[PDB]
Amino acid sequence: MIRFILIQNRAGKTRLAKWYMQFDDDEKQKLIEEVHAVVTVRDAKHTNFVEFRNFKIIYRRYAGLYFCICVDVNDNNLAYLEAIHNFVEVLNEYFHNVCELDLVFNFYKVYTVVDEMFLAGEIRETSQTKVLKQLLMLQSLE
């Protein structure tokens, strides 16, 4: 399963965080700051999978942006790297050309869309369509 989802920026600002069981506070802050310590230091010829202790995080870049998923060990690395990207694509759809200020200024959409394609620590919807359908056909009215 998914333990969690992060979207961090270059700076360290947690432009998204998102959790999937019991967790703490000072804990979550640590998780984050050290996730960052890992990810920001990497590069091209480094794997988008990093093993840490008794979990592993699958992690991808975009501009100055780090979309991270931390997950179990028995889990499907590639699969998850691609989940990340497919989702990033749906947002590229939604904001019809997405950059981070989009997720800042519209963080709640973001939350509700992640919710739309991740639940209980699992994959909800893979379809670029069915997501963008329900997303927009119920975006329609306030």
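For every residue, the number given is its place in the sequence shown, counted from 1.
In this crystal structure, the stretch out of 112-120 and 41-49 whose C-alpha atoms carry the higher mean B factor is 112-120. As the entry records it, the average C-alpha temperature factor is higher for 22-30, out of 92-100 and 22-30. For the set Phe105, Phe87, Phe67, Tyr80, the PDB entry assigns the largest Cα B-factor to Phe105.
In the deposited entry, the Cα temperature factor of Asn54 sits in the top third of values across the chain's modelled residues.
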